[PDB]
Structure formats: structure tokens, C-alpha cells
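Have a look below at one chain only, the form deposited in one PDB entry, in C-alpha cells format.
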């Protein structure tokens, strides 16, 4: 069931979008060498809850134990903040945040580099981000959701990299994961012509090598099959009459918040 958000809904989202972005803006300083994914997890929850007056949708979601996800290096997804995993150097972590305020979610994620980059590190990240912005621009009404995934795909492989098919982006709003499914790859299955008011996520997961993954014992931690690196960046967006509106834009984003295709 694809939901077309009301204007008000939209105002709500803008809010969740921002709070969510804020948590990532807030944590920036704390992300340094010698940190516990666990602690990081504490600081966020306090913030989301204390200061923010909001809740985290990750918590208990399908039994998820933590408040947010934190995926180090070759961990792909759902990495679980342990009070004992500490931050190296050349560590490239993703923190995926997802927050609920007034019924609506704001879902976003980004990569952080630790205590002096790797090269391969910085490359991937950089590329992952571009592949995301890249889709960001395509977003406009009347476009098939399908040329978007292909696009990311093209870009990414072209760097000798691989796109992950197991996971994908999703509609979002009052429901954490709504319709549709947003695939970061080409597929005949795909066939959605976008409309204003539809809201959803772009969350490309990019491995430096091969598109194959493994799931751990703990039932969450997803790592590369290869043990290659993997990056992801994500944003929550709304389709406008002429392009899109990023509801999770942060200060460090090098893309406008409003993307218009008119004139």
C-alpha cells in the first residue's frame, strides 16, 4: 500500500527528518578513537530521549536490543553496539538512526572515518555518498523508481565495486518500513512511477569487493562475505511537484535540501 503523505504529514516528517539528522550531527564529536559502540549507543538514546523528547524505532524492532545501529568496517548492517568494541583508526563506521516523533519516522545514516583515513576507506565512502547524491538528483515525479537503482548500480560497479541486493530502501512515514521497496539495483520486478507526496528512503550499501554477505550468530551483525569493506549512507526524502525535498539533510551535506527540476 503506497501512501501519499498530506502536507501536514510532511510537516511531521520534516521534523523526524531533522531530529534524526541532529543525532548524527550531535554524535560527530564523540566519534573518536577509544570509543565503545556501546557508549555511542548510550549518548544517542539519552539525546533522542532526554533532549529530543523523542523515541527510537530500532529498539525492540523485531527484537532489536539497541537504540541505533553501528556498523564497523566490514560489518554491513545491524551491527550491534557492544560496550566493549572499541574504535581503532582507519575504521569506517556507519551509524543508522531512526526516530519516531509524533507518529512519524525519520531514518538516516552516514559514515564516519576514524583517526586518519585509509585510502581505500575514503574512496569507498566517497563513492557511496556520490552514488546516493546521484540518486537524489534523479528523484522527480514521473520517473520510474527502477531507473534509480540501475543508476546507482552503474556508478558503483564502474569503480570496481559491488552493490548489495539483500537489503534495500523503503517507503517510510507512520510505518518504519512502508511500501515501496527501493532497490539499489536493476530488476524487471521494479516498476514504480513516482508521485508527489510519496516519502521514502535511499540507503545504498556498498562493498568494496563482492555483493555476497553473511549473517552472524548474534542474529544481526551482517558482514561482507569477502570481509571487504562496506559503506552506506542514507537519507529520508519527499517527492515534490518538480523534484525532491531531503528531510534528513545535515550541515555536512554537499547537496541542496531542495532539489528542483523546473525552469
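Numbering follows the first chain given and starts at 1.
Averaged over Cα atoms, the B-factor as recorded in the entry is higher for 152-160 than for the other of 124-132 and 152-160. Taking only CA atoms, the mean B-factor in the PDB entry is higher for 107-115 than for the other of 133-141 and 107-115. The top Cα temperature factor in the record, among 55, 208, 69, 237, falls on 208. In the PDB entry, the Cα temperature factor peaks, among 173, 90, 79, 180, at 90.
In this PDB entry, the Cα temperature factor of residue 201 sits in the bottom third of its chain's modelled residues, the lowest group.
Ranked within its chain, residue 97 lands in the lowest third, by CA B factor from the PDB record. When the modelled residues of the chain are ordered by C-alpha B-factor, residue 75 sits in the lowest third. Per the PDB record, residue ranking by Cα B-factor puts residue 232 in the lowest third of the chain. Residue 220 sits in the highest third of its chain by CA B factor, as recorded in the PDB entry.
The following text describes the form deposited with a small molecule bound, which does not appear among the structures shown.
If you check the small molecule in the entry with it bound, you find no heavy atom from any of 137, 198 and 237 within 4.5 Å.
A heavy atom within 4.5 Å of the small molecule in the entry with it bound is found for exactly one of 213, 194, 58, 208: 58. Only one segment in the set 141-149, 154-162, 91-99, 121-129 has residues whose heavy atoms sit within 4.5 Å of the small molecule in the entry with it bound; it is 91-99. Interface residue remark: residue 69 is counted as part of the site for the small molecule in the entry with it bound, having a heavy atom within 4.5 Å. The small molecule is not shown here, and in the entry with it bound it never comes within 4.5 Å of any heavy atom of residue 133. Mapping the unseen interface onto this chain, residue 177 counts among the residues with a heavy atom inside 4.5 Å of the small molecule in the entry with it bound. Not displayed here, the small molecule is kept clear of residue 41 by more than 4.5 Å at the level of heavy atoms in the entry with it bound.
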